[PDB]
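Below you'll find the structure, written out as structure tokens, and then a few comments.
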Amino acid sequence: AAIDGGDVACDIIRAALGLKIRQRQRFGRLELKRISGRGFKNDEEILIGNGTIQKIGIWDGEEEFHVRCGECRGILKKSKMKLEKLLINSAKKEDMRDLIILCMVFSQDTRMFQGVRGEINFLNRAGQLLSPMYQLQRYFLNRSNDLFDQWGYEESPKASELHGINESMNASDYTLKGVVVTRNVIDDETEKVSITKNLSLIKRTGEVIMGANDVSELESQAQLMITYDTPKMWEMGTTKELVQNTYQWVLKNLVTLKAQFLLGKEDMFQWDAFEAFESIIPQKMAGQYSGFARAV
Amino acid sequence: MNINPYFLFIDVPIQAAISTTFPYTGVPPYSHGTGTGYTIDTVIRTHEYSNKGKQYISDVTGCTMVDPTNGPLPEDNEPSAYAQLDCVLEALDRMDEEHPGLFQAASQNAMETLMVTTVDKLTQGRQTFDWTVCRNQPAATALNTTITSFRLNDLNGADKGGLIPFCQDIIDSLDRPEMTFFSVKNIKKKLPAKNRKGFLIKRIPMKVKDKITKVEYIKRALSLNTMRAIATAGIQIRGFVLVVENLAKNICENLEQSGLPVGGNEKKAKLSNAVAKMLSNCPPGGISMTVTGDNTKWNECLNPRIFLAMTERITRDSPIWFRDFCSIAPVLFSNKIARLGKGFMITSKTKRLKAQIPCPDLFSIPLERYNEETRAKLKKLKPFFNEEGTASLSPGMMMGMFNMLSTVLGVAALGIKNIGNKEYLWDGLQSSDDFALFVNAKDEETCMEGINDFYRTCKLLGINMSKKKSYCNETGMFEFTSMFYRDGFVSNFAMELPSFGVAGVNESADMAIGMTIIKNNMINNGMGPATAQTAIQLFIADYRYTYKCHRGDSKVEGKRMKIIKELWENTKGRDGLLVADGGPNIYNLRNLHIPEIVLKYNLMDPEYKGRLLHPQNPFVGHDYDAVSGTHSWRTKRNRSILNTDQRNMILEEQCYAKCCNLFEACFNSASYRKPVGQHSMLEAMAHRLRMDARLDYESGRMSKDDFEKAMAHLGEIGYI
Amino acid sequence: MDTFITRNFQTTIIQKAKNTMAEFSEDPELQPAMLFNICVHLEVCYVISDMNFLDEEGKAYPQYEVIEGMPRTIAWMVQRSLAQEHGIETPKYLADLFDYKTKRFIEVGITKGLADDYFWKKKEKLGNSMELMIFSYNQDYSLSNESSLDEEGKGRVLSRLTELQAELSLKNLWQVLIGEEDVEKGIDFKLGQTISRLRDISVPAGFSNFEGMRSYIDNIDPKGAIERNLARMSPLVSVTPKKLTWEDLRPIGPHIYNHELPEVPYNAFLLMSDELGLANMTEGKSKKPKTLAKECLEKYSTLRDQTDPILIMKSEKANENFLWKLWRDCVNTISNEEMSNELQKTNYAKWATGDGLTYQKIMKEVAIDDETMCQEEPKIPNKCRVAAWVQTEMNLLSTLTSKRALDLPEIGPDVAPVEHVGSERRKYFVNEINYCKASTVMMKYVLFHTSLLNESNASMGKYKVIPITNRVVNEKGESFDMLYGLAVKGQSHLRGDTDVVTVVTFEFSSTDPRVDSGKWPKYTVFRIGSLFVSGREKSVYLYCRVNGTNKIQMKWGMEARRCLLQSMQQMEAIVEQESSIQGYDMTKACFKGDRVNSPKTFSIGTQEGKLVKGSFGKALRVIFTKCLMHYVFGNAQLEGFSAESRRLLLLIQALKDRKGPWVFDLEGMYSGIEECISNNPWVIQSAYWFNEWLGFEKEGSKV
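Protein sequence lines correspond, in order, to chains F, E and D. Residues 301 to 488, 493 to 600 in PDB author numbering are what the first sequence spells out, letter by letter. Residues 1 to 227, 239 to 633, 655 to 752 in PDB author numbering are what the second sequence spells out, letter by letter. Residues 1 to 61, 75 to 716 in PDB author numbering are what the third sequence spells out, letter by letter.
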């Protein structure tokens with residue numbers, strides 16, 4: 301609450317807890333803010349280069365977005381299967397690399413569909429198939445040269461501040477169609497949003513603003529020794545730490561455990577701590593371990 | 001259910017399935033014996049493929065010489081060593097034209113490196129054939145012996161320090177009428193040794209001076225001794252081959268076709284880039300074919316004269332002195348003499364006898380006494396045999412000594428790219444023994460016509476493609492130096508794996524060397540994460556076994572393990588203890604380049620940190657990265673014999689045996705009662721006898737008369 | 001030093017000098033003196049070429078072309094182009110500067126003493142083919158032509174070098190300043206008469222002296238020679254391309270199907286599938302092998318006290334009585350109280366291993382004189398047919414037993430995703446092959462070879478008794494100390510490491526050799542007693558065999574633990590290929606299966622002539638067993654056969670993927686492969702399996 305920080309996961313947690321978050325659509329590392337135009341969603345089948353058919357809800361209509369990703373800014377023009385014009389500013393190369401690739405993926409340009417060669421059967425952490433748009437997003441994020449080659453180039457505009465860029469973000473006359481650089485930097493206030501079961505943010509009218517797949521997978525170690533109390537997540541730590549935590553929990557409330565055990569019921573073997581501890585027990589021998597422990 | 005492992009290939013591509021078939025990249029112990037018979041066969045085959053050349057008698061060494069270059073072209077698919085000079089020169093011209101300013105720059109760089117280099121560089125090498133003793137010795141010892149002989153012969157090249165004066169002195173020593181040198185001679189023994197008689201016979205070496213005529217030294221310098240290298244060369248050749256190989260490496264580094272000195276994933280990048288480049292410029296609607304060619308008798312067909320021609324052509328615009336320096340190596344190789352090794356063994360079953368026939372006496376017995384194969388081999392080798400148990404061998408290359416130049420020649424062969432202006436373009440890669448050839452044409456018929464033209468061309472250059480070990484297939488899948496490429500995927504056939512045991516330096520040094528070896532294996536040979544982690548586990552197990560430093564909380568027992576357990580009990584930061592102290596190992600992939608001391612510093616006990624990193628501890632006293661602590665101890669490295677002259681003259685006097693006999697009784701009656709520490713043995717005997725007399729009198733073994741008599745005698749000794 | 005370099009010169013000059021000097025192919029760090037010299041030289045030549053300019057006619061208001082600093086290739090080609098365009102001789106040494114006015118290349122140098130001697134020696138080096146200007150720190154200048162440089166340039170260069178000289182001594186750097194001639198001390202190289210003669214006689218046919226060869230190489234234009242040589246070459250020199258087809262491939266080494274040839278014997282060092290460990294549960298302490306063997310024999314006292322042997326089978330040459338007496342001596346030594354494991358009854362040990370039958374070496378002169386001493390023919394390996402016991406070995410060694418013998422240390426916590434993937438792969442692999450009998454056999458093999466190697470530390474002239482022990486752990490957690498038999502190792506008086514030291518091994522077993530008489534033509538087997546497991550009597554035989562191995566073979570056996578890493582690498586390559594088909598890791602999916610995917614299944618073998626599938630775990634176990642057998646049954650035949658079957662398999666794969674493979678000399682490959690199928694059980698069974706799989710592929714490719 302105090303810090304106006306975070307990119308996506310913080311917003312999801314804030315909405316789950318009922319806090320104030322900024323209003324902006326996200327497509328992963330790319331956050332959007334519509335400025336003009338509107339579109340409708342229609343579900344239909346499309347053909348990809350690799351030659352597979354899968355239903356997609358495409359957005360049709362003239363749309364103008366305030367595309368941004370990381371530090372670089374810009375504006376996007378989107379219509380049915382076409383990336384009309386895209387403008388970007390100067391920043392670190394990878395910044396606009398990700399911005400522009402996500403812009404291709406979001407624009408649903410037919411060339412982006414034709415720019416897929418390998419299989420896109422990517423899985424998520426939960427093991428559930430990703431949505432087709434996010435599948436293409438991930439494939440092209442891991443595979444940037446293919447889409448850039450497939451898109452096709454054109455001549456850059458003759459304006460002083462407008463110049464093209466190559467695949468490696470090198471200024472050149474041959475520029476990605478509808479993509480240009482601009483030195484006229486575009487300038488970059494809170495509301496409440498509801499949440500659903502699948503950790504997806506939905507606005508007041510019902511449009512999805514931030515999904516559970518937009519969370520960057522950039523793992524890192526916190527600079528401060530954070531602490532948690534719930535045992536449901538102890539599994540994240542190493543096995544020795546899990547054992548230490550579960551045995552500390554058992555010992556501290558040992559009086560209650562003894563009191564319930566003397567009663568002879570079965571509700572005392574299902575504590576959250578025991579469920580967390582079960583994870584590190586091999587599956588094959590878990591039944592025998594439990595049977596022997598109960599018998600003894 | 002009868003298992004059939006090959007059935008795996010049904011469900012898995014063969015390129016992945018046969019990954020890492022041979023755990024060893026070196027040599028097995030059961031390989032066919034490389035003795036006198038094998039070297040005789042090698043020389044026989046080398047002379048067999050070139051027997052249609054010009055045969056003459058060397059006017060320097062007086063040995064048979066065979067020159068196949070510019071000889072008749074082959075009329076059969078059998079291996080041929082007849083490499084026309086014109087074709088090689090044209091190939092070099094084509095390479096130079098394609099890469100303008102390449103030969104000149106490479107030659108200039110090689111000559112500058114030679115100018116700035118030092119003789120010490122020769123010490124970085126495998127076993128070298130020392131001529132003074134005519135054996136295989138370490139590089140440093142061979143260099144030292146050669147330097148000493150040169151000094152005895154008024155040659156002081158090593159004094160100047162530079163390599164150029166050393167090689168100048170080598171070629172000058174090749175001109176002295178008589179060469180004097182040091183040698184080692186063994187003489188039997190007569191000194192005492194307690195087994196059952198206080199007498200044993202052994203061999204003791206001594207240094208002597210020996211002189212050899214000019215021709216003898218000339219023959220010795222060119223000799224190649226045998227110990239998959241087949242032979243080693245002495246010191247007279249090492250500098251020139253070093254310079255020539257440096258030149259060839261400089262040329263190769265800028266040759267996109269060359270597969271060397273690439274190492275690591277760069278090899279995979281080169282492979283994939285070559286495939287992509289060839290496919291990109293394929294004719295619209297044409298066909299691209301790939302040959303995983305292999306070369307049979309590669310080093311038994313290349314001629315040193317062709318290498319001399321290549322060196323002359325490359326250094327066409329260079330100082331004359333450097334041109335001669337580069338040429339000195341090929342001419343030395345063109346006169347190489349092979350040594351046949353130990354010899355044969357002949358036995359008589361009826362009388363249960365056996366004997367060893369050495370090489371000089373190879374023909375001293377009728378050929379009927381040798382088995383069929385040896386009989387035929389000696390019959391064929393008779394013309395190319397010398398009376399000193401050596402075989403003249405002009406052609407051939409006896410495995411790798413000009414590998415870089417071989418790669419340059421292969422690249423030259425691959426650079427023609429067309430013959431007759433037909434509708435095919437060829438290119439590819441080659442690394443000193445094996446080539447992958449990519450040919451683009453219209454139809455497979457024209458591709459195979461181009462492959463045939465390439466085969467004929469390489470035949471003209473002396474390179475013999477292996478028809479019995481080569482195949483062709485549509486481009487996209489092939490092999491190159493035990494590295495299978497298949498539509499992007501890449502696998503290895505043979506990968507070296509960590510060997511059992513620690514490096515053999517010390518605790519911290521061994522740990523650092525093991526971890527850096529694992530890291531290098533991952534980087535270069537492509538070891539997967541799981542394999543690397545398992546290698547870490549195995550290395551930790553071996554390390555703990557070797558150093559007896561099991562976990563502090565383990566239940567094992569040992570002399571060091573008691574103190575380890577006590578330290579583990581007394582320590583609070585148990586995660587910070589080093590593995591050598593029974594602590595927990597924390598090494599993993601992300602931290603394979605960090606010394607364990609640095610890793611665990613933040614977790615170590617401050618008292619433990621002080622004890623471990625004490626600035627003045629008695630263990631440390633006075655590549656890999658580690659920390660200098662109390663675990664960097666040094667082991668006693670002091671053996672052999674010193675004071676050789678004094679010990680030898682003492683042992684050759686007479687009375688040493690009596691001194692040993694008197695010493696033995698007294699100083700073996702007790703396990704250890706010696707006042708050691710430079711005490712004169714006579715002084716120690718005097719003290720021992722004084723104490724023995726004192727004890728005898730105290731216990732009553734001797735009367736006062738014997739006591740006083742003993743003290744008077746001991747008074748004469750001088751220590752009483 | 002380096003601080004002075006980076007402070008006294010602009011970054012561009014430092015970078016140019018560094019990248020130009022790094023081409024020497026040597027470490028640029030430990031030797032920075034030449035770096036300073038080259039930087040100073042670069043600065044001097046840059047200054048020299050910044051004041052004078054030319055025009056369409058040559059007005060002095075450029076004139077100096079810089080060659081140094083640029084890449085050596087580009088510099089050399091530029092110099093050659095300039096020489097060709099100006100019609101002047103090209104200096105053999107890369108000139109550091111060229112002049113447009115004099116139409117001559119020029120060189121510059123920096124010294125510390127008087128420049129006159131430096132100029133004279135440079136002139137001697139290069140003769141008169143190149144002009145030079147030289148400046149020295151001690152205010153000395155030398156010019157070949159006085160009309161080369163003007164006062165301004167000379168003054169500026171002198172001021173710069175004097176300032177550098179003054180500044181060097183301020184930080185104690187002038188003392189360690191090396192001169193300039195050192196890098197070019199060696200410029201005189203005169204060949205002696207002998208070496209000149211050797212060079213002259215080492216030219217290709219057609220030349221008399223090396224001067225002729227040098228002139229021919231430097232003058233003649235050989236363009237078009239390749240075509241001329243190829244035109245007259247006989248047509249018989251042709252690779253004979255031949256498109257490969259499925260029917261072209263045929264079974265390799267059909268002779269193995271010849272029933273006339275004998276079955277392949279069992280030549281492995283230790284019994285693998287027929288082992289019998291005398292289990293003896295222990296707390297887990299480490300004890301010397303002698304004590305462990307003593308306790309194990311005490312537990313099974315009946316076998317130890319067996320004195321009347323019921324001979325069951327005998328080797329062709331070995332003597333049963335001698336082997337039995339040696340075994341009795343070994344057990345007596347094991348059951349005694351002395352700490353040492355040294356045999357004291359050397360009689361039967363000496364007379365049983367044929368250690369007294371070795372021939373006596375005599376002087377070569379007598380052999381030369383003698384007429385009855387002749388070389389003996391080589392005992393080429395015999396030829397044997399398919400052995401049915403290798404299939405049973407492979408089948409049984411891939412099964413899951415009730416005990417495991419692997420306990421590896423721990424690793425640090427995993428953080429990076431690659432570490433997590435590797436840890437998951439390791440978990441699956443160990444879980445799959447923890448209890449596999451192959452792992453226990455491998456551990457027994459490596460432990461026995463390690464003990465054999467250790468015993469050779471100081472005891473070389475004495476017989477040593479060594480028990481074939483193993484430490485094993487079961488599912489319940491209780492750990493056992495198994496004894497698989499004993500082995501007495503003889504003496505190796507010779508200090509060589511590749512010298513055979515005869516060792517005779519007595520291993521227990523529960524399999525009656527009469528069932529497969531052809532499996533043991535080399536073993537001497539007795540019957541010691543009978544064990545009881547479930548109240549049922551099962552016999553125990555003692556396979557006694559003589560063997561010979563050297564120290565290097567001990568090292569090979571010790572390294573035989575590398576089969577674990579080999580199998581793990583093979584499995585990881587399979588997983589990496591599966592993941593490369595996709596873009597994400599395929600470990601859990603190919604092992605357990607995700608929602609999208611299914612548990613991958615591999616074709617394992619044959620059942621009643623029909624294909625059978627199995628889990629990835631079975632494939633991993635089969636891979637591990639195959640690797641272990643390859644290591645155990647390894648000889649030159651096996652490695653050669655594998656190396657050639659590599660090519661055959663690659664061609665088959667190319668055929669499978671519709672890549673249209675072509676073979677030039679197929680029969681050459683087939684002969685190369687069949688040259689190695691003589692008597693190795695593993696090679697013969699591999700050939701049989703390859704034929705079966707090739708038949709399956711042929712019959713399955715028609716669909």
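Built from N, CA and C at the ideal position, the CB exists for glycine as well.
Under 7 Å between beta-carbons, which chain E residues line up against residue i? List them in chain order, please.
{"i": "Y372 (chain D)", "result": "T358, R363, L364 and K365"}
Given the structure, does residue i come close to the ligand HEM, in the sense that its CB is under 7 Å from one of the ligand's heavy atoms?
{"i": "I462 (chain E)", "result": "In the structure shown, the ligand HEM is absent, as is every other ligand, since no ligand is present at all."}
From the DSSP secondary-structure annotation, give me the bridge partner or partners of residue i.
{"i": "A349 (chain E)", "result": "E:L224 and E:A402"}
{"i": "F4 (chain D)", "result": "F4 (chain D) is not bridged to any residue."}
{"i": "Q441 (chain E)", "result": "E:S269 and E:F446"}
{"i": "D494 (chain D)", "result": "D:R484"}
{"i": "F166 (chain E)", "result": "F166 (chain E) pairs with nothing; no bridge assigned."}
{"i": "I187 (chain E)", "result": "E:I204"}
Using a cut-off of 9 Å between C-beta atoms, extract the partners of residue i located in chain F.
{"i": "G596 (chain D)", "result": "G418, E419, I420, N421, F422, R438, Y439, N442 and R443"}
Who are the neighbours of residue i on chain D, taking C-beta pairs under 7 Å?
{"i": "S19 (chain E)", "result": "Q582, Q583 and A586"}
Starting from residue i, find everything on chain D with Cβ-Cβ shorter than 8 Å and list it in chain order.
{"i": "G591 (chain F)", "result": "The contacting residues do not exist; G591 (chain F) stays about 13 Å from chain D at best."}
{"i": "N382 (chain E)", "result": "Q388, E389, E390 and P391"}
{"i": "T410 (chain F)", "result": "The contacting residues do not exist; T410 (chain F) stays about 22 Å from chain D at best."}
Residue i versus chain D: which residues are under 9 Å apart at the beta carbon?
{"i": "residue 653 (chain E)", "result": "Missing here is residue 653 (chain E); chain E as given proceeds from 633 to 655 without the residues in between."}
What does residue i reach in chain F if we use C-beta pairs closer than 8 Å?
{"i": "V485 (chain D)", "result": "The contacting residues do not exist; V485 (chain D) stays about 18 Å from chain F at best."}
Whose Cβ in chain F lies nearer than 7 Å to the Cβ of residue i?
{"i": "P426 (chain D)", "result": "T542"}
Report the residue ranges of all alpha helix (DSSP H) runs contained in full by the region 494 to 564 of chain F; include only those spanning at least 4 residues, in chain order. If we require 4 residues or more, the alpha helix (DSSP H) runs fully inside the region 494 to 564 of chain F come out as 543 to 556.
Along the region 328 to 360 of chain D, where does the CB come closer than 9 Å to a CB of chain E? Name the residues. Under the 9 Å Cβ criterion, the region 328 to 360 of chain D contributes no residue.
When the Cβ atoms of the region 564 to 582 of chain E are set against those of the region 534 to 544 of chain E, are three or more pairs found closer than 8 Å? Result no; under three Cβ-Cβ pairs closer than 8 Å.
Contact list for the region 340 to 356 of chain F against chain D, Cβ threshold 9 Å: Here the close residues number zero.
Ignoring anything shorter than 4 residues, give me the alpha helix (DSSP H) runs that lie fully in the region 607 to 695 of chain D, in order along the chain. Uninterrupted alpha helix (DSSP H) stretches at least 4 residues long and entirely within the region 607 to 695 of chain D occur at 629 to 645, 649 to 669 and 679 to 687, given in chain order.
Taking only beta carbons into account, state which residues of the region 386 to 415 of chain D come closer than 8 Å to chain E, listed in chain order. Of all residues in the region 386 to 415 of chain D, only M386, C387, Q388, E389, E390, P391, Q404, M407, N408 and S411 come within less than 8 Å of chain E when Cβ atoms are compared, listed by chain position.
Short-range partners of chain F found in the region 596 to 621 of chain D, where Cβ spacing is below 7 Å: Going along the region 596 to 621 of chain D in chain order, one finds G596, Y597, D607, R608 and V609 with a Cβ nearer than 7 Å to chain F.
For the region 422 to 452 of chain E, list every residue whose C-beta sits within 8 Å of some C-beta in chain D, in sequence order. Correct list: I427, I430 and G431.
Compile a chain-ordered list of the residues in the region 319 to 341 of chain E whose CB is closer than 9 Å to at least one CB of chain D. Of all residues in the region 319 to 341 of chain E, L319, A320, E323, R324, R327, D328, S329, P330, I331, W332, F333, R334, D335, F336, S338, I339 and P341 have a Cβ within less than 9 Å of some Cβ in chain D.
Let me know the beta strand (DSSP E) ranges lying completely inside the region 460 to 501 of chain E, each 3 residues or longer, listed in chain order. Those beta strand (DSSP E) runs which fall completely within the region 460 to 501 of chain E and span 3+ residues are 482 to 485, 488 to 490 and 494 to 497.
Check each residue of the region 48 to 71 of chain E: if its Cβ is closer than 9 Å to any Cβ of chain D, include it; give the result in chain order. Residues of the region 48 to 71 of chain E that bring their beta carbon within less than 9 Å of a beta carbon in chain D comprise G53, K54, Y56, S58, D59, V60, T61, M65, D67, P68, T69, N70 and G71, in sequence order.
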